Amino acid sequence: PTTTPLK
Ligand SMILES: *[C@H]1O[C@H](CO)[C@H](O)[C@H](O)[C@H]1NC(C)=O
């Protein structure tokens, strides 16, 4: 898995 917030 990979984290990539977007908010
Ligand atoms: C995490 O980053 C990886 C790097 O390519 C992918 O883009 C993947 O889709 C990302 N996961 C999420 C949940 O955005």
# chains A, B, ... in the order shown; residues from 1 in each chain; ligands from 1
$ residues_near_ligand --ligand "ligand 1" --cutoff "7 Å" --atoms "only C-alpha atoms and all ligand atoms" --output "JSON, numbers by chain"
{"A": [1, 2, 3, 4]}
